[PDB]
Amino acid sequence: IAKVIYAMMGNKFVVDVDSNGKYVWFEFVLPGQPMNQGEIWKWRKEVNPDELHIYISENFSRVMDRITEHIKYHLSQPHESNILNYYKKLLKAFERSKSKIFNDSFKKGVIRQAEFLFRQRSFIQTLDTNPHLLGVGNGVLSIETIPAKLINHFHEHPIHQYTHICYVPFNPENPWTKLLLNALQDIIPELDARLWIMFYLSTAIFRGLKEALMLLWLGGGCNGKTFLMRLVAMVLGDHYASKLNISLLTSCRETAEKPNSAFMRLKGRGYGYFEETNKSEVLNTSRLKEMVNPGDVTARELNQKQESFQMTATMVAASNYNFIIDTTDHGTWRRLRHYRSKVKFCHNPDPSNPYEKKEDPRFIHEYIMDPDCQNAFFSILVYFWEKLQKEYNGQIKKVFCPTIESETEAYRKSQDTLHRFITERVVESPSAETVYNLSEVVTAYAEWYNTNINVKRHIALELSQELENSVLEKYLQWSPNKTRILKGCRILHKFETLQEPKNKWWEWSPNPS
Amino acid sequence: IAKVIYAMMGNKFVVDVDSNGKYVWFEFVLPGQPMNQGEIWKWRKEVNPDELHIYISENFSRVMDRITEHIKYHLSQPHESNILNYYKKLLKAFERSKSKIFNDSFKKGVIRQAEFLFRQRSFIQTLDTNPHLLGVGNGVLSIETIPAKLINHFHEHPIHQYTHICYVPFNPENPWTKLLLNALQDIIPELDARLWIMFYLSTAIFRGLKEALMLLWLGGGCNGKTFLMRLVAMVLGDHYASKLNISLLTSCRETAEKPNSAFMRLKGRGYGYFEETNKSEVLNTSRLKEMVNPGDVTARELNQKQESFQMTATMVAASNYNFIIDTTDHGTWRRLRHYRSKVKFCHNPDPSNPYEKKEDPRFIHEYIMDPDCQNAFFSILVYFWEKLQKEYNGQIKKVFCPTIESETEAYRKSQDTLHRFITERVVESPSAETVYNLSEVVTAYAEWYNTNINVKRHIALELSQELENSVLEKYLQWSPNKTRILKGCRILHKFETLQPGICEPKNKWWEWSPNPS
Ligand SMILES: Nc1ncnc2c1ncn2[C@@H]1O[C@H](COP(=O)(O)OP(=O)(O)O)[C@@H](O)[C@H]1O
Ligand SMILES: Nc1ncnc2c1ncn2[C@@H]1O[C@H](COP(=O)(O)OP(=O)(O)O)[C@@H](O)[C@H]1O
Ligand SMILES: [Mg+2]
Ligand SMILES: [Mg+2]
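Heads up: the sequence lines are chains E and F, in that order.
Heads up: the first sequence runs through residues 418 to 916, 937 to 950, numbered per the authors' numbering.
Heads up: the second sequence runs through residues 418 to 918, 935 to 950, numbered per the authors' numbering.
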């Protein structure tokens with residue numbers, strides 16, 4: 418019975434072994450069937466194949482009816498002494514066995530063996546591996562080709578995960594599309610910066626290898642960052658975007674040794690965002706470079722040791738308090754991007770200040786539950802991804818925007834405690850020679866910033882090595898006892914003295950830009 | 418047998434799988450059956466369909482007897498040799514199989530087979546999703562339209578949660594309603610403040626998305642706020658309201674990632690209250706912003722996986738001690754409300770103290786249990802919510818209340834350490850200039866409250882531009898070495914010196946007064 422069932426309807430169900438050694442039933446849903454909303458044309462996980470139960474109860478019974486008709490017809494024709502015994506015994510046995518298909522234990526056995534019959538090797542691990550296919554509420558999108566293609570018919574692609582919002586082609590004439598475009602234009606004024614941000618954010622759809630970079634932008638309390646971050650995260654779906662606590666950064670004590678559970682995220686996700694925190698946060702390579710690189714890392718997995726880490730999600734972090742980065746490595750800062758928001762919303766907008774506008778509480782309280790907004794936002798996102806692919810072939814680095822990386826290098830010029838101390842307390846005051854050794858200058862600097870900003874423990878070797886990588890070594894010889902004593906300066910203290938296109942902005946900006 | 422049972426009672430049962438991958442049976446309660454108090458006209462969770470197990474053996478016997486009568490009657494009629502064998506064998510087989518419907522194993526198999534026939538996709542996750550339908554002790558309550566409608570017949574709304582408080586239309590003539598209204602009037606004297614707080618408490622009935630607002634209002638040592646806190650909690654019930662500790666509000670080194678079961682509260686709750694604490698406590702966005710905004714939040718089920726659930730519960734926090742807030746963010750101080758109680762009940766109230774009265778101990782606790790009472794209070798909340806919907810279209814921000822947003826802004830003008838420093842030390846004393854990168858100013862500021870007020874971990878980066886968010890930068894330029902040295906002030910120590918350098938309701942207040950109110 419299991420073999421007949423597999424032969425006659427085996428194109429709709431597959432099974433495979435999970436990580437726990439348990440057989441799992443998967444059913445390919447079809448139109449015209451009871452189902453959850455927006456999961457059509459894709460596989461779903463079935464704890465128990467109810468459809469298979471009903472099918473073997475009904476269609477198989479129909480087949481048995483056909484067999485009974487056939488054997489009755491063969492008995493009808495006259496024959497020799499075989500009819501009185503052989504066909505009568507066969508008919509009696511088949512009539513006795515017909516009712517067996519209505520027994521519960523018999524169905525359990527036939528399904529237990531259909532588990533072996535339907536077993537397809539390499540199905541769990543191959544699910545959702547293709548990054549060019551995105552589960553959508555109307556089927557699945559095909560973005561490997563230009564333009565984007567939506568298929569809502571039969572296919573062989575093994576897609577199981579999905580988002581519950583339908584997809585429509587990008588029409589700029591829709592009311593919601595115009596509203597969203599106007600809001601995006603209002604939030605950030607610069608054309609090049611806005612295009613760069615939209616281009617970078619459009620990559621959340623894709624789940625393959627991406628350029629390793631980290632995006633940080635700050636500013637007014639009402640920058641509207643949360644309004645967007647939340648919209649992108651919710652529209653992209655929970656299965657593809659997740660909320661990451663700031664505790665992942667600023668590693669200390671436990672780091673990645675004591676049981677950690679937050680690391681299991683980003684497994685298949687395509688978007689990761691950091692929200693506003695209480696105040697300024699300090700961090701420097703504290704399990705940060707392992708998130709920046711798209712390579713393979715390892716750490717604690719909930720309650721396990723490790724399986725594998727292949728992260729592919731885009732990373733965005735915005736706040737209203739400046740982040741503290743104390744490093745001089747060129748490689749650490751290469752993979753970083755900084756921006757500053759110059760718009761601060763105000764409920765009393767005076768005409769004298771163009772960099773401010775009137776808030777709309779319902780703009781963040783509502784307009785998020787509306788499905789039309791989410792459809793418009795997929796339209797915008799896929800349009801921007803198509804534009805990026807057409808122009809820069811996926812290279813987010815090769816895009817040109819003057820203000821960006823310029824604000825980044827300006828930020829890199831600041832947030833460097835060494836240069837502040839150097840051209841605050843020693844530079845412009847060289848007409849003296851009182852320097853015991855490197856140790857005294859190291860201490861002066863250490864308790865300097867300790868009060869200048871914050872306190873912390875430090876290693877003297879690092880502070881001695883950085884001295885050569887500065888501008889204070891221009892006069893730094895060594896005695897016969899070496900020690901590399903500075904050959905003249907005055908460690909100052911107290912105060913003392915020295916003694937815009939009009940329209941179609943969203944479509945394209947020229948190649949020079 | 419399973420198919421016949423489904424065709425015979427397919428309108429009273431549904432089967433769906435939970436998050437644990439096991440089938441769950443639901444039964445639609447009907448009048449005239451053994452049941453708990455107030456679970457009428459709604460589905461109830463059944464671990465095992467016991468009454469189905471007895472129905473399949475009681476009522477199916479009638480159908481089986483009808484079949485036996487039919488086959489016997491057909492046997493009575495004369496025919497050819499078919500009656501000799503076919504009917505006799507059919508009757509023998511049927512009488513053999515009749516006793517099977519009584520068998521325990523057979524019944525279990527029939528139930529396990531009917532599990533699939535009674536299965537209904539998308540039922541568990543759609544339970545209680547509608548926020549305009551509320552379970553009540555005598556059916557369900559609908560607040561989709563004004564006036565509210567009570568349903569006491571069949572319906573197709575998937576409602577499972579309920580409260581054991583019967584509902585009656587709001588009638589001021591009931592003695593308990595009069596007593597409760599008088600008590601509310603006495604507790605809070607101001608008309609507009611009373612209307613505002615009643616309107617805010619009315620939103621506890623709703624379970625959908627709500628405006629991000631927190632009620633943090635100070636009260637007298639003997640105001641009686643807890644009495645109401647317990648009254649509303651008892652009226653709503655356990656399924657819709659719960660008690661929360663103030664420890665979560667003042668976040669420690671632990672966060673949402675740390676395992677906790679208290680944070681799993683508010684899942685479907687429509688109310689949450691914070692009681693009186695021991696002393697004034699410190700808090701500043703310590704999981705306050707994420708508890709205020711109605712955005713989706715994660716769900717860390719202790720040591721289990723991280724789920725995601727929506728927060729839709731109203732929150733109230735009233736105490737006799739102040740709350741230490743150290744921030745200047747406009748956004749943070751825009752989703753909060755503050756009010757100070759002006760009544761301190763006394764057991765020997767002299768006439769010379771109009772803003773207080775006598776205490777009726779049997780009150781804060783008395784009557785609370787009285788069923789009747791409960792029922793009443795409800796009516797009050799339903800009427801007030803209907804009034805709010807009629808007037809302000811569900812916007813608690815759009816309401817006009819002069820006594821509120823003035824005490825709140827006065828409180829905002831307090832709890833700000835920087836202005837104390839500004840108009841205590843540097844203002845009115847500009848006739849000197851001794852500033853070291855403002856670093857000495859930062860140290861003086863820090864030590865100031867460290868001794869004057871309280872202590873904590875200190876950082877200086879946030880304070881570099883914090884001075885610019887004041888009036889101290891009226892003279893602050895930079896030297897050739899930059900360093901942005903303040904260009905005039907006087908650090909003050911010890912004594913030093915000043916060196917040169935509404936309407937009262939007529940008879941009824943629940944009528945809300947006209948639109949100006
Ligand atoms: N395009 C817009 N027009 C009018 N108001 C807006 C617009 N975008 C955002 N707002 C309002 O201004 C506020 C922006 O701040 P928010 O979105 O919370 O991010 P953040 O507070 O982190 O800057 C929101 O409350 C939102 O209601
Ligand atoms: N309207 C009222 N009618 C009768 N008694 C009241 C009323 N309001 C307050 N009381 C009494 O005064 C006390 C309220 O003071 P308080 O110490 O704040 O109580 P709690 O803090 O327990 O709510 C209650 O014990 C209550 O018995
Ligand atoms: Mg925001
Ligand atoms: Mg109390």
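Using N, Cα and C, we set each Cβ at its ideal position, and we do this for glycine too.
Quick check on DSSP: helix, strand or coil for residue i?
i, result
"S539(F)", "coil"
"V431(F)", "strand"
"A621(F)", "coil"
"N502(F)", "helix"
"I741(F)", "strand"
"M708(E)", "helix"
"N869(F)", "helix"
"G455(F)", "coil"
"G556(F)", "strand"
"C906(E)", "strand"
"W442(F)", "strand"
"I568(E)", "strand"
Select from the options the residue whose C-alpha is nearest the C-alpha of residue i.
i, options, result
"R754(F)", "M786(F), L507(F), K814(F) and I488(F)", "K814(F)"
"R751(E)", "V733(E), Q894(E), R829(E) and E803(E)", "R829(E)"
"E841(F)", "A861(F), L855(F), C763(F) and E822(F)", "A861(F)"
"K804(E)", "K506(E), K505(E), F587(E) and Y784(E)", "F587(E)"
"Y800(F)", "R483(F), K566(F), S522(F) and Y472(F)", "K566(F)"
"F519(E)", "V527(F), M651(F) and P788(F)", "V527(F)"
"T729(E)", "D713(E), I741(E), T744(E) and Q721(E)", "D713(E)"
"residue 379(F)", "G625(F), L648(F) and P897(F)", "Absent from the model: residue 379(F). The displayed extent of chain F is 418 to 950, so no value can be given."
"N720(F)", "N677(F), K706(F) and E693(F)", "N677(F)"
"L598(F)", "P778(F), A827(F) and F794(F)", "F794(F)"
"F691(E)", "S659(E), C669(E) and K722(E)", "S659(E)"
"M651(E)", "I785(E), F523(E), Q916(E) and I870(E)", "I785(E)"
Can you name the residues of chain E whose CB is closer than 9 Å to the CB of residue i?
i, result
"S539(F)", "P451, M452, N453 and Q454"
Contact defined as beta carbons within less than 8 Å: I believe residue i pairs with residue j. What is the distance between those atoms, to the nearest angstrom?
i, j, result
"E674(F)", "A679(E)", "6 Å"
"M732(F)", "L632(F)", "7 Å"
"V760(F)", "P589(F)", "Not confirmed; about 23 Å, so no contact."
"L661(F)", "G685(F)", "With a Cβ gap of about 14 Å, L661(F) and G685(F) do not count as contacting."
"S887(E)", "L835(E)", "6 Å"
"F477(E)", "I418(E)", "7 Å"
"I576(F)", "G552(F)", "6 Å"
Residues of chain F with CB under 7 Å from residue i, in chain order?
i, result
"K939(E)", "What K939(E) touches in chain F: nothing, since even the nearest Cβ is about 34 Å away."
"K660(E)", "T715"
"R647(E)", "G712"
"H470(E)", "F533"
"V464(E)", "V434 and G438"
"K489(E)", "Correct list: empty, because the minimum Cβ distance to chain F is about 15 Å."
Near residue i, what residues of its chain come up, given a Cβ to Cβ distance below 7 Å and the 5 sequence neighbours on each side ignored?
i, result
"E824(F)", "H755, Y756 and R757"
So with CB distances below 8 Å, who are the chain F contacts of residue i?
i, result
"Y690(E)", "The premise fails here: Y690(E) is roughly 12 Å from chain F at the closest Cβ pair, so nothing lies under 8 Å."
"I870(E)", "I876, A877 and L878"
Enumerate in chain order the residues of its own chain whose CB-to-CB distance from residue i is below 6 Å, with the five nearest sequence positions on each side excluded.
i, result
"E913(E)", "none"
"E463(E)", "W442 and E444"
"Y504(E)", "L492"
"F644(F)", "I781"
"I422(E)", "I473"
"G918(F)", "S846, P847 and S848"
What residues from chain E crowd round residue i, counting only those whose CB sits closer than 8 Å?
i, result
"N898(F)", "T840, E841 and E845"
"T860(F)", "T868"
"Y853(F)", "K911 and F912"
Quick one: list the residues of chain F neighbouring residue i, beta-carbon separation under 9 Å, in chain order.
i, result
"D767(E)", "Those do not exist, as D767(E) stays about 16 Å from chain F at its closest Cβ, beyond 9 Å."
CB-CB under 8 Å to residue i, same chain, minus the five flanking residues each way: which ones, in chain order?
i, result
"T744(F)", "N701, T702 and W750"
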